[PDB]
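Asks: Take a look at upload_25.csv, CSV, C-alpha atoms and all ligand atoms:
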```
chain,number,residue,atom,x,y,z
A,13,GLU,CA,-27.9,193.5,21.1
A,14,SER,CA,-25.2,195.9,20.0
A,15,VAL,CA,-23.6,193.2,17.9
A,16,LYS,CA,-27.0,192.0,16.6
A,17,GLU,CA,-28.0,195.5,15.4
A,18,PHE,CA,-24.6,196.2,13.9
A,19,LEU,CA,-24.7,193.0,11.9
A,20,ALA,CA,-28.3,193.6,10.9
A,21,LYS,CA,-27.4,197.0,9.4
A,22,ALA,CA,-24.3,195.5,7.8
A,23,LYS,CA,-26.4,192.9,6.0
A,24,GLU,CA,-29.0,195.5,4.9
A,25,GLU,CA,-26.3,197.7,3.3
A,26,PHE,CA,-24.5,194.7,1.7
A,27,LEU,CA,-27.8,193.4,0.2
A,28,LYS,CA,-28.7,196.7,-1.4
A,29,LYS,CA,-25.4,196.9,-3.2
A,30,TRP,CA,-25.4,193.1,-3.9
A,31,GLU,CA,-28.8,193.4,-5.7
A,32,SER,CA,-27.7,196.5,-7.7
A,33,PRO,CA,-24.0,196.2,-8.4
A,34,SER,CA,-22.0,199.2,-9.7
A,35,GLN,CA,-20.5,198.8,-13.2
A,36,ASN,CA,-18.2,200.6,-15.6
A,37,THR,CA,-17.1,203.3,-13.2
A,38,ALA,CA,-13.8,204.3,-14.9
A,39,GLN,CA,-11.7,203.4,-17.9
A,40,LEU,CA,-8.1,202.4,-18.5
A,41,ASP,CA,-6.9,205.7,-20.0
A,42,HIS,CA,-7.9,207.5,-16.8
A,43,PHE,CA,-4.7,206.0,-15.3
A,44,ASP,CA,-0.9,206.0,-15.7
A,45,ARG,CA,0.9,202.7,-15.2
A,46,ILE,CA,3.6,202.7,-12.5
A,47,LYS,CA,4.8,199.2,-11.6
A,48,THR,CA,3.7,195.5,-11.6
A,49,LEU,CA,3.0,194.5,-8.0
A,50,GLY,CA,2.1,190.8,-8.6
A,51,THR,CA,1.4,188.3,-11.3
A,52,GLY,CA,-0.6,185.1,-11.8
A,53,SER,CA,-1.8,182.6,-14.4
A,54,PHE,CA,-4.8,184.7,-15.5
A,55,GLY,CA,-4.0,188.3,-14.3
A,56,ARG,CA,-1.7,190.7,-12.5
A,57,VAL,CA,-1.9,193.6,-10.2
A,58,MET,CA,-0.4,197.0,-11.2
A,59,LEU,CA,0.3,200.1,-9.2
A,60,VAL,CA,-1.4,202.9,-11.2
A,61,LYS,CA,-1.9,206.6,-10.7
A,62,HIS,CA,-5.2,208.4,-11.5
A,63,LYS,CA,-4.3,211.2,-14.0
A,64,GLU,CA,-6.8,213.7,-12.7
A,65,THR,CA,-6.7,213.2,-8.9
A,66,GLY,CA,-3.1,211.9,-8.5
A,67,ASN,CA,-4.4,209.1,-6.3
A,68,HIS,CA,-2.6,205.7,-6.4
A,69,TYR,CA,-4.5,202.5,-6.8
A,70,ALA,CA,-3.8,198.8,-7.1
A,71,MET,CA,-5.4,197.7,-10.4
A,72,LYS,CA,-6.1,194.0,-10.8
A,73,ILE,CA,-6.2,193.1,-14.5
A,74,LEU,CA,-7.7,189.7,-15.4
A,75,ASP,CA,-7.4,188.3,-19.0
A,76,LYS,CA,-10.9,187.2,-20.0
A,77,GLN,CA,-9.7,184.4,-22.3
A,78,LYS,CA,-7.5,183.0,-19.5
A,79,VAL,CA,-10.3,183.3,-17.0
A,80,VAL,CA,-12.5,181.2,-19.3
A,81,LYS,CA,-9.8,178.6,-20.0
A,82,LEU,CA,-9.0,178.2,-16.2
A,83,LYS,CA,-12.7,177.9,-15.4
A,84,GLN,CA,-12.8,181.0,-13.2
A,85,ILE,CA,-15.8,182.8,-14.8
A,86,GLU,CA,-18.1,182.5,-11.8
A,87,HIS,CA,-15.3,183.1,-9.4
A,88,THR,CA,-14.3,186.4,-11.0
A,89,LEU,CA,-17.9,187.5,-11.2
A,90,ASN,CA,-18.2,186.6,-7.5
A,91,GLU,CA,-15.0,188.6,-6.6
A,92,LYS,CA,-16.2,191.8,-8.1
A,93,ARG,CA,-19.8,191.6,-7.1
A,94,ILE,CA,-18.8,190.9,-3.5
A,95,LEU,CA,-16.0,193.5,-3.3
A,96,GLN,CA,-18.3,196.3,-4.6
A,97,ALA,CA,-20.9,195.4,-1.9
A,98,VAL,CA,-18.9,194.9,1.3
A,99,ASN,CA,-17.7,197.5,3.8
A,100,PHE,CA,-15.6,196.7,6.8
A,101,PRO,CA,-12.4,198.3,8.2
A,102,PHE,CA,-10.1,195.3,7.3
A,103,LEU,CA,-11.5,194.7,3.8
A,104,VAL,CA,-9.8,196.3,0.9
A,105,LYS,CA,-11.9,199.0,-0.8
A,106,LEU,CA,-12.8,198.7,-4.4
A,107,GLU,CA,-12.9,202.1,-5.9
A,108,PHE,CA,-13.6,201.4,-9.6
A,109,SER,CA,-14.3,198.5,-12.0
A,110,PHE,CA,-14.6,198.2,-15.7
A,111,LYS,CA,-13.9,195.9,-18.6
A,112,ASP,CA,-12.7,196.2,-22.2
A,113,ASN,CA,-12.3,193.9,-25.2
A,114,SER,CA,-9.6,191.8,-23.5
A,115,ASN,CA,-9.6,192.3,-19.7
A,116,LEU,CA,-11.6,192.8,-16.5
A,117,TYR,CA,-10.3,195.5,-14.2
A,118,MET,CA,-10.7,196.0,-10.4
A,119,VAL,CA,-9.2,199.2,-9.1
A,120,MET,CA,-8.6,199.0,-5.3
A,121,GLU,CA,-7.0,201.3,-2.8
A,122,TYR,CA,-3.3,200.7,-2.9
A,123,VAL,CA,-2.0,199.3,0.5
A,124,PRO,CA,1.6,200.3,0.6
A,125,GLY,CA,3.0,198.3,3.5
A,126,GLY,CA,3.4,194.9,1.6
A,127,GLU,CA,2.2,191.4,2.3
A,128,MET,CA,2.1,190.1,5.9
A,129,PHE,CA,4.1,187.2,4.4
A,130,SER,CA,7.1,189.4,3.6
A,131,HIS,CA,7.2,190.8,7.1
A,132,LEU,CA,6.8,187.3,8.7
A,133,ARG,CA,9.6,185.9,6.6
A,134,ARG,CA,11.9,188.9,7.4
A,135,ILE,CA,11.5,188.5,11.2
A,136,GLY,CA,11.1,184.8,11.4
A,137,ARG,CA,8.0,184.6,13.5
A,138,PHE,CA,5.6,187.0,15.2
A,139,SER,CA,5.3,187.1,19.1
A,140,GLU,CA,1.9,185.9,20.4
A,141,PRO,CA,0.7,189.5,21.0
A,142,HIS,CA,1.7,190.4,17.4
A,143,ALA,CA,0.0,187.4,15.9
A,144,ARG,CA,-3.1,188.0,18.1
A,145,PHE,CA,-3.4,191.6,16.9
A,146,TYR,CA,-3.7,190.3,13.3
A,147,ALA,CA,-5.8,187.3,14.3
A,148,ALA,CA,-8.4,189.5,16.0
A,149,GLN,CA,-8.8,191.5,12.8
A,150,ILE,CA,-9.4,188.2,10.9
A,151,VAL,CA,-11.9,187.0,13.5
A,152,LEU,CA,-14.0,190.2,13.2
A,153,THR,CA,-13.7,190.2,9.4
A,154,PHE,CA,-15.0,186.6,9.3
A,155,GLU,CA,-17.8,187.4,11.7
A,156,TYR,CA,-18.8,190.2,9.3
A,157,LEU,CA,-18.5,188.1,6.1
A,158,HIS,CA,-20.1,185.0,7.5
A,159,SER,CA,-23.1,187.0,8.7
A,160,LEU,CA,-23.6,188.1,5.1
A,161,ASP,CA,-23.6,184.4,4.0
A,162,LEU,CA,-20.1,184.9,2.5
A,163,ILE,CA,-17.3,182.4,2.7
A,164,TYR,CA,-13.8,183.7,2.0
A,165,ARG,CA,-11.7,180.6,1.1
A,166,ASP,CA,-8.3,182.2,0.4
A,167,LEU,CA,-6.9,183.1,3.8
A,168,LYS,CA,-3.1,183.1,3.8
A,169,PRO,CA,-0.3,185.6,4.7
A,170,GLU,CA,0.3,186.6,1.0
A,171,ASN,CA,-3.3,187.9,0.8
A,172,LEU,CA,-3.1,190.1,4.0
A,173,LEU,CA,-1.6,193.5,3.3
A,174,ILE,CA,-0.3,195.8,6.0
A,175,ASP,CA,-1.6,199.4,5.8
A,176,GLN,CA,-0.1,202.7,6.8
A,177,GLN,CA,-1.4,202.2,10.4
A,178,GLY,CA,-0.1,198.6,10.7
A,179,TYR,CA,-3.5,197.1,10.3
A,180,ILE,CA,-4.6,194.3,8.0
A,181,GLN,CA,-6.3,194.8,4.6
A,182,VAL,CA,-7.7,191.5,3.2
A,183,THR,CA,-7.3,191.2,-0.5
A,184,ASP,CA,-8.1,188.6,-3.1
A,185,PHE,CA,-11.8,187.7,-3.2
A,186,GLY,CA,-11.3,185.4,-6.2
A,187,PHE,CA,-12.7,182.5,-4.2
A,188,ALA,CA,-15.2,184.4,-2.1
A,189,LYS,CA,-18.7,183.3,-2.6
A,190,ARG,CA,-22.2,183.9,-1.3
A,191,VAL,CA,-23.3,180.5,0.1
A,192,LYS,CA,-26.4,179.6,2.1
A,193,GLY,CA,-25.6,176.1,3.2
A,194,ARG,CA,-22.8,174.1,1.5
A,195,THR,CA,-20.6,174.6,-1.5
A,196,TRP,CA,-18.3,172.2,-3.3
A,197,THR,CA,-15.5,173.8,-5.3
A,198,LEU,CA,-12.0,172.6,-4.9
A,199,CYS,CA,-10.0,175.8,-4.4
A,200,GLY,CA,-7.5,177.4,-2.1
A,201,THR,CA,-3.9,176.8,-1.2
A,202,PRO,CA,-2.7,173.3,-0.2
A,203,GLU,CA,-1.3,174.2,3.2
A,204,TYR,CA,-4.5,176.0,4.1
A,205,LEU,CA,-7.1,173.5,2.9
A,206,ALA,CA,-9.6,172.1,5.4
A,207,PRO,CA,-9.9,168.3,5.5
A,208,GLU,CA,-13.5,168.5,4.1
A,209,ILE,CA,-12.3,170.4,1.0
A,210,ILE,CA,-9.6,167.7,0.4
A,211,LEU,CA,-12.2,165.0,0.8
A,212,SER,CA,-14.6,166.5,-1.7
A,213,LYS,CA,-17.4,167.1,0.7
A,214,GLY,CA,-20.1,169.8,0.7
A,215,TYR,CA,-18.5,172.3,3.0
A,216,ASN,CA,-19.4,175.6,4.7
A,217,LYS,CA,-17.9,178.6,6.6
A,218,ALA,CA,-16.0,176.2,8.9
A,219,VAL,CA,-13.3,176.0,6.3
A,220,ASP,CA,-12.5,179.7,7.0
A,221,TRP,CA,-12.1,178.9,10.7
A,222,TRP,CA,-9.8,176.0,9.9
A,223,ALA,CA,-7.7,178.4,7.8
A,224,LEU,CA,-7.6,180.9,10.7
A,225,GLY,CA,-6.0,178.1,12.7
A,226,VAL,CA,-3.4,177.5,10.0
A,227,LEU,CA,-2.7,181.3,9.8
A,228,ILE,CA,-2.3,181.7,13.6
A,229,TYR,CA,0.0,178.7,13.7
A,230,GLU,CA,2.1,180.1,10.8
A,231,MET,CA,2.3,183.6,12.3
A,232,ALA,CA,3.4,182.3,15.7
A,233,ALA,CA,5.8,179.5,14.5
A,234,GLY,CA,7.1,181.0,11.3
A,235,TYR,CA,5.9,177.9,9.2
A,236,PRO,CA,2.6,176.3,8.7
A,237,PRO,CA,1.4,173.2,10.6
A,238,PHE,CA,1.2,170.9,7.6
A,239,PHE,CA,4.0,171.1,5.0
A,240,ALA,CA,5.8,168.7,2.6
A,241,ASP,CA,7.4,168.8,-0.8
A,242,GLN,CA,4.3,167.4,-2.6
A,243,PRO,CA,0.7,168.4,-2.0
A,244,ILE,CA,-0.4,164.8,-1.5
A,245,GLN,CA,1.9,164.6,1.5
A,246,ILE,CA,0.4,167.8,2.8
A,247,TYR,CA,-3.1,166.5,2.5
A,248,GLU,CA,-2.2,163.2,4.3
A,249,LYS,CA,-1.0,165.3,7.2
A,250,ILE,CA,-4.1,167.6,7.2
A,251,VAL,CA,-6.6,164.7,7.3
A,252,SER,CA,-4.7,162.8,9.9
A,253,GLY,CA,-5.9,164.6,13.0
A,254,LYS,CA,-2.4,165.0,14.3
A,255,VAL,CA,-0.6,168.4,14.7
A,256,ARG,CA,2.6,169.2,16.6
A,257,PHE,CA,3.2,172.5,18.3
A,258,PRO,CA,6.5,174.2,19.1
A,259,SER,CA,7.3,174.2,22.8
A,260,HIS,CA,7.4,178.0,22.8
A,261,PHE,CA,3.7,178.2,22.1
A,262,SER,CA,1.6,179.1,25.2
A,263,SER,CA,-0.8,176.5,26.5
A,264,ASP,CA,-3.7,178.9,25.6
A,265,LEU,CA,-2.5,179.1,22.0
A,266,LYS,CA,-2.2,175.4,21.7
A,267,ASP,CA,-5.7,174.9,23.1
A,268,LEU,CA,-7.2,177.4,20.7
A,269,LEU,CA,-5.4,175.9,17.8
A,270,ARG,CA,-6.5,172.3,18.6
A,271,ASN,CA,-10.1,173.6,18.4
A,272,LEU,CA,-9.6,175.5,15.1
A,273,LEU,CA,-7.5,172.7,13.6
A,274,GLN,CA,-10.2,170.2,14.5
A,275,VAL,CA,-10.5,167.8,11.6
A,276,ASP,CA,-14.2,167.0,12.5
A,277,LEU,CA,-16.0,170.1,11.2
A,278,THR,CA,-18.9,169.5,13.5
A,279,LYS,CA,-16.6,170.0,16.5
A,280,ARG,CA,-14.6,173.0,15.1
A,281,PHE,CA,-14.6,176.3,16.8
A,282,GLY,CA,-16.6,178.8,14.8
A,283,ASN,CA,-19.0,176.1,13.6
A,284,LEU,CA,-20.6,175.3,17.0
A,285,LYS,CA,-23.8,176.6,18.5
A,286,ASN,CA,-22.0,179.6,20.1
A,287,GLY,CA,-20.5,180.5,16.7
A,288,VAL,CA,-17.7,183.1,16.7
A,289,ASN,CA,-18.0,183.7,20.4
A,290,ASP,CA,-16.2,180.4,21.2
A,291,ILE,CA,-13.2,182.1,19.6
A,292,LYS,CA,-13.8,185.6,20.9
A,293,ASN,CA,-14.2,184.4,24.5
A,294,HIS,CA,-11.2,182.0,24.4
A,295,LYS,CA,-8.5,182.7,26.9
A,296,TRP,CA,-5.9,183.3,24.2
A,297,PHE,CA,-8.0,186.4,23.3
A,298,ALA,CA,-8.6,187.5,26.9
A,299,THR,CA,-6.5,190.7,26.5
A,300,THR,CA,-8.2,191.7,23.2
A,301,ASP,CA,-10.5,194.6,23.3
A,302,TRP,CA,-12.7,193.7,20.3
A,303,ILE,CA,-14.3,197.1,20.0
A,304,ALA,CA,-10.9,198.9,20.2
A,305,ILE,CA,-9.6,196.7,17.4
A,306,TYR,CA,-12.6,197.4,15.2
A,307,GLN,CA,-12.3,201.1,15.8
A,308,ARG,CA,-8.5,200.9,15.0
A,309,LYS,CA,-7.6,202.4,18.4
A,310,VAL,CA,-5.0,199.7,19.3
A,311,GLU,CA,-1.4,200.6,18.6
A,312,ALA,CA,-0.1,198.2,16.0
A,313,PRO,CA,2.9,195.9,16.5
A,314,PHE,CA,4.7,197.8,13.7
A,315,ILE,CA,4.2,200.4,11.1
A,316,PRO,CA,5.6,199.5,7.7
A,317,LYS,CA,8.5,201.6,6.5
A,318,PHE,CA,7.5,203.5,3.3
A,319,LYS,CA,8.0,207.0,2.0
A,320,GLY,CA,4.6,207.9,0.6
A,321,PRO,CA,1.5,206.6,-1.0
A,322,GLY,CA,3.4,205.7,-4.2
A,323,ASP,CA,6.3,203.9,-2.6
A,324,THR,CA,6.6,200.3,-3.8
A,325,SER,CA,9.7,199.3,-1.7
A,326,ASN,CA,7.6,196.8,0.3
A,327,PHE,CA,6.7,194.9,-2.8
A,328,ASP,CA,8.9,192.8,-5.2
A,329,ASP,CA,10.1,193.0,-8.8
A,330,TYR,CA,8.4,191.4,-11.8
A,331,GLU,CA,8.9,191.6,-15.5
A,332,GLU,CA,7.0,194.6,-16.9
A,333,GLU,CA,4.7,193.2,-19.6
A,334,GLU,CA,2.3,195.0,-21.9
A,335,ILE,CA,-1.4,195.7,-21.1
A,336,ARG,CA,-2.6,194.9,-24.6
A,337,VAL,CA,-6.3,195.3,-25.5
A,338,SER,CA,-7.5,193.4,-28.5
A,339,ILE,CA,-9.3,195.3,-31.3
A,340,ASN,CA,-12.0,192.7,-31.1
A,341,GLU,CA,-14.2,191.9,-28.1
A,342,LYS,CA,-13.4,188.6,-26.3
A,343,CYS,CA,-15.8,186.6,-24.2
A,344,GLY,CA,-18.4,189.4,-24.1
A,345,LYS,CA,-21.3,187.0,-23.3
A,346,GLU,CA,-19.5,185.4,-20.3
A,347,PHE,CA,-18.8,188.7,-18.6
A,348,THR,CA,-22.0,190.6,-19.3
A,349,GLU,CA,-22.7,191.2,-15.7
A,350,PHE,CA,-19.2,192.5,-14.8
B,401,LIG,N1,-4.7,196.8,-2.8
B,401,LIG,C1,-3.6,196.2,-3.0
B,401,LIG,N2,-2.4,196.8,-2.7
B,401,LIG,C2,-1.3,196.3,-3.0
B,401,LIG,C3,-1.1,195.0,-3.6
B,401,LIG,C4,-2.3,194.3,-4.0
B,401,LIG,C5,-2.3,193.0,-4.5
B,401,LIG,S1,-0.8,192.2,-5.0
B,401,LIG,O1,-1.2,191.1,-5.9
B,401,LIG,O2,0.1,193.2,-5.5
B,401,LIG,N3,-0.1,191.6,-3.7
B,401,LIG,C6,1.3,191.3,-3.7
B,401,LIG,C7,1.8,190.3,-4.7
B,401,LIG,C8,0.8,189.2,-4.9
B,401,LIG,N4,0.3,188.7,-3.6
B,401,LIG,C9,-1.1,189.3,-3.3
B,401,LIG,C10,-0.9,190.7,-2.8
B,401,LIG,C11,-3.4,192.3,-4.8
B,401,LIG,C12,-4.7,192.9,-4.5
B,401,LIG,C13,-4.7,194.2,-4.0
B,401,LIG,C14,-3.6,194.9,-3.7
```
Transcribe the structure of this file into structure tokens.

Replies:
Amino acid sequence: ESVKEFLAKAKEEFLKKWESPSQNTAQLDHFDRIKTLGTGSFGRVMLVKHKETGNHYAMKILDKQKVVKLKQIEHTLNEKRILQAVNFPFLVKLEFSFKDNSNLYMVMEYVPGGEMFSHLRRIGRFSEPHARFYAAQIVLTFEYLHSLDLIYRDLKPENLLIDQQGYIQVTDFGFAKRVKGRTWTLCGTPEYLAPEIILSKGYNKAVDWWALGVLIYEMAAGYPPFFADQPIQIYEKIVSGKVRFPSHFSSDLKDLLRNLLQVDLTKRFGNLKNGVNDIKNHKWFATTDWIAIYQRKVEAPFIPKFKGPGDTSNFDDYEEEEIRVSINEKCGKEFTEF
């Protein structure tokens, strides 16, 4: 009953914000630009400092014209509407959002420890306890999100940031969506796509549990289970129903992964009658105190090395380009609700 009542309150609070989203809660000239943290085909993320409070934030800047061209309108509206409505210890906090003639802006808490991906590649692989600590946070986060009828659809190490306490902050809700039943959009990252996405089926939250299998495998092995030079070769491996495990994997880990990386979605853990509890009760998680993880009382495998809330040493270097704002409004109709 404790979990039932927790999730009932979580849904109530989410729905109130979902039905009345916040809008236009800061403006660009409230901030100083520090450094570019990441860059993509329709936006980038910049470390900024608020000029009045001195607080640092990660400001995601999306170019409206490029969002339209790349057919991401609904997705960017989803991202902001969801991010402003959720509240969970392992979900990045959206502090402000606004738009101008050219861009959409999402101003999040800056997570200074860097991507999980960087740390994974620097150490090679994570031990099973280390992988399990991160995996447990994802399990709880998906329990939360799925209970709100949300599917995440972008799980991968580059989207999981390590915070000052060594815990995960999930970022990038660009593919997150409120879905009762099935959805159909082809989106994600090749190595992490569930078979039913590749096969153009109507799919559900089971794709997130498949992606958790991929993530756990990649954390524990150092490389993902299905890889190849060309996406088509990756997809052939994904749909095949075959996966090979390193001999160093424990039997418990292999068993959990066979059930998450189950090609038949009707047999996949997280999508059966027992829901998330088939995962939470699996022997690989027998040492996990789920409540202690949620309360952030477990000592982390490592604390990232950084000097202060403005330190960018755990992130990499990108060309510093202008934030130009057109003198004419672009795509005003499409982004009215943002
Ligand atoms: N709150 C954040 N704090 C640091 C960085 C953040 C980023 S980010 O793009 O800079 N980042 C690293 C490069 C691209 N991969 C995705 C994660 C994205 C979203 C939120 C962030």

Asks: Excluding segment 92-95 of chain A and its own-chain neighbours fewer than 2 positions away, which residues fall within 9 Å of it when counting all atoms listed in the file? Please give them as a PyMOL selection string.

Replies: chain A and resi 26+29-30+33-34+87-90+97-99+103-106+109+118+162+185-186+188-190+350

Asks: Give me, as CSV, each residue of chain A that comes within 10 Å of ligand LIG 401 (chain B), together with its shortest interatomic pair and the distance in Å at one decimal, counting all atoms listed in the file, with rows ordered by chain and rising residue number.

Replies:
```
residue,atom,partner,partner_atom,distance
A:47,CA,B:LIG401,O2,9.8
A:48,CA,B:LIG401,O2,7.4
A:49,CA,B:LIG401,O2,4.0
A:50,CA,B:LIG401,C7,3.9
A:51,CA,B:LIG401,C8,6.5
A:52,CA,B:LIG401,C8,8.1
A:55,CA,B:LIG401,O1,9.3
A:56,CA,B:LIG401,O1,6.6
A:57,CA,B:LIG401,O1,5.0
A:58,CA,B:LIG401,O2,6.9
A:59,CA,B:LIG401,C2,7.4
A:68,CA,B:LIG401,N2,9.6
A:69,CA,B:LIG401,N1,7.0
A:70,CA,B:LIG401,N1,4.8
A:71,CA,B:LIG401,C13,7.3
A:72,CA,B:LIG401,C12,6.5
A:103,CA,B:LIG401,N1,9.7
A:104,CA,B:LIG401,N1,6.3
A:105,CA,B:LIG401,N1,7.8
A:106,CA,B:LIG401,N1,8.5
A:118,CA,B:LIG401,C13,9.0
A:119,CA,B:LIG401,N1,8.1
A:120,CA,B:LIG401,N1,5.1
A:121,CA,B:LIG401,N1,5.1
A:122,CA,B:LIG401,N2,4.0
A:123,CA,B:LIG401,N2,4.1
A:124,CA,B:LIG401,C2,6.1
A:125,CA,B:LIG401,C2,8.0
A:126,CA,B:LIG401,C2,6.7
A:127,CA,B:LIG401,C10,6.0
A:128,CA,B:LIG401,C10,9.2
A:129,CA,B:LIG401,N4,9.0
A:130,CA,B:LIG401,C6,9.5
A:168,CA,B:LIG401,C9,9.6
A:169,CA,B:LIG401,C9,8.9
A:170,CA,B:LIG401,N4,5.1
A:171,CA,B:LIG401,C9,4.9
A:172,CA,B:LIG401,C10,7.2
A:173,CA,B:LIG401,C10,6.7
A:174,CA,B:LIG401,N2,9.0
A:175,CA,B:LIG401,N2,8.9
A:181,CA,B:LIG401,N1,7.8
A:182,CA,B:LIG401,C13,8.3
A:183,CA,B:LIG401,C12,5.1
A:184,CA,B:LIG401,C12,5.7
A:185,CA,B:LIG401,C12,8.9
A:324,CA,B:LIG401,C2,8.9
A:326,CA,B:LIG401,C6,9.3
A:327,CA,B:LIG401,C6,6.6
A:328,CA,B:LIG401,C7,7.5
A:329,CA,B:LIG401,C7,9.6
A:330,CA,B:LIG401,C7,9.8
```

Asks: Give me, as a PDB file with C-alpha atoms, in the frame of the given file, all polymer residues having an atom no more than 9 Å from residue 79 of chain A, counting only C-alpha atoms and skipping those fewer than 4 positions away in the same chain.

Replies:
```
ATOM      1  CA  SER A  53      -1.800 182.600 -14.400  1.00  0.00           C
ATOM      2  CA  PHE A  54      -4.800 184.700 -15.500  1.00  0.00           C
ATOM      3  CA  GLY A  55      -4.000 188.300 -14.300  1.00  0.00           C
ATOM      4  CA  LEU A  74      -7.700 189.700 -15.400  1.00  0.00           C
ATOM      5  CA  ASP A  75      -7.400 188.300 -19.000  1.00  0.00           C
ATOM      6  CA  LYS A  83     -12.700 177.900 -15.400  1.00  0.00           C
ATOM      7  CA  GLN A  84     -12.800 181.000 -13.200  1.00  0.00           C
ATOM      8  CA  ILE A  85     -15.800 182.800 -14.800  1.00  0.00           C
ATOM      9  CA  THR A  88     -14.300 186.400 -11.000  1.00  0.00           C
TER      10      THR A  88
END
```

Asks: May I ask for the distance between atom CA of residue 281 of chain A and atom CA of residue 137 of chain A, given in Å to one decimal place?

Replies: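 Computing it gives 24.3 Å between the two atoms.
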
Asks: Taking only C-alpha atoms into account, name the residue in A:161, A:304, A:166, A:221 that is nearest to residue 270 of chain A.

Replies: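 Closest candidate: A:221.
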
Asks: When you draw a straight line from atom CA of residue 76 of chain A to atom CA of residue 115 of chain A, how long is it in Å?

Replies: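 Separation between atom CA of residue 76 of chain A and atom CA of residue 115 of chain A: 5.3 Å.
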
Asks: In Å to one decimal, how far is atom CA of residue 165 of chain A from atom CA of residue 224 of chain A?

Replies: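 Atom CA of residue 224 of chain A sits 10.4 Å away from atom CA of residue 165 of chain A.
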
Asks: Tell me, as a short mmCIF file (atom, residue, chain, number, x, y, z; two decimals) with C-alpha atoms, keeping the file's coordinate frame, which residues lie within 9 Å of segment 232-248 of chain A, counting all atoms listed in the file; anything in the same chain fewer than 6 positions away does not count.

Replies:
```
data_model
loop_
_atom_site.label_atom_id
_atom_site.label_comp_id
_atom_site.auth_asym_id
_atom_site.auth_seq_id
_atom_site.Cartn_x
_atom_site.Cartn_y
_atom_site.Cartn_z
CA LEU A 132 6.80 187.30 8.70
CA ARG A 133 9.60 185.90 6.60
CA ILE A 135 11.50 188.50 11.20
CA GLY A 136 11.10 184.80 11.40
CA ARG A 137 8.00 184.60 13.50
CA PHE A 138 5.60 187.00 15.20
CA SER A 139 5.30 187.10 19.10
CA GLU A 140 1.90 185.90 20.40
CA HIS A 142 1.70 190.40 17.40
CA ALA A 143 0.00 187.40 15.90
CA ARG A 144 -3.10 188.00 18.10
CA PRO A 202 -2.70 173.30 -0.20
CA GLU A 203 -1.30 174.20 3.20
CA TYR A 204 -4.50 176.00 4.10
CA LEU A 205 -7.10 173.50 2.90
CA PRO A 207 -9.90 168.30 5.50
CA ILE A 210 -9.60 167.70 0.40
CA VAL A 226 -3.40 177.50 10.00
CA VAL A 255 -0.60 168.40 14.70
CA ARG A 256 2.60 169.20 16.60
CA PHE A 257 3.20 172.50 18.30
CA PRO A 258 6.50 174.20 19.10
CA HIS A 260 7.40 178.00 22.80
CA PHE A 261 3.70 178.20 22.10
#
```

Asks: Please rebuild segment 106-117 of chain A with N, CA and C atoms and give the result as a CSV table (one decimal), in the frame of the given file.

Replies:
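Generated file (part-v8.csv):
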```csv
chain,number,residue,atom,x,y,z
A,106,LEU,N,-12.7,198.6,-3.0
A,106,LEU,CA,-12.8,198.7,-4.4
A,106,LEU,C,-13.3,200.0,-4.8
A,107,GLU,N,-12.5,200.8,-5.5
A,107,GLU,CA,-12.9,202.1,-5.9
A,107,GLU,C,-13.5,202.2,-7.3
A,108,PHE,N,-13.1,201.4,-8.3
A,108,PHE,CA,-13.6,201.4,-9.6
A,108,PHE,C,-13.6,200.0,-10.2
A,109,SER,N,-14.4,199.7,-11.1
A,109,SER,CA,-14.3,198.5,-12.0
A,109,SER,C,-14.8,198.8,-13.4
A,110,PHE,N,-14.2,198.1,-14.3
A,110,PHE,CA,-14.6,198.2,-15.7
A,110,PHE,C,-14.0,197.0,-16.5
A,111,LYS,N,-14.4,196.9,-17.8
A,111,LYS,CA,-13.9,195.9,-18.6
A,111,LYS,C,-13.7,196.5,-20.0
A,112,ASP,N,-12.9,195.8,-20.8
A,112,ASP,CA,-12.7,196.2,-22.2
A,112,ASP,C,-12.7,195.0,-23.1
A,113,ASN,N,-12.2,195.1,-24.3
A,113,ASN,CA,-12.3,193.9,-25.2
A,113,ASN,C,-11.5,192.7,-24.7
A,114,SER,N,-10.5,192.9,-23.9
A,114,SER,CA,-9.6,191.8,-23.5
A,114,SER,C,-9.7,191.5,-22.0
A,115,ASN,N,-9.9,192.5,-21.1
A,115,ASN,CA,-9.6,192.3,-19.7
A,115,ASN,C,-10.8,192.8,-18.8
A,116,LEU,N,-10.8,192.3,-17.6
A,116,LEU,CA,-11.6,192.8,-16.5
A,116,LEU,C,-10.6,193.6,-15.6
A,117,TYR,N,-11.1,194.7,-15.0
A,117,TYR,CA,-10.3,195.5,-14.2
A,117,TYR,C,-11.0,195.8,-12.8
```
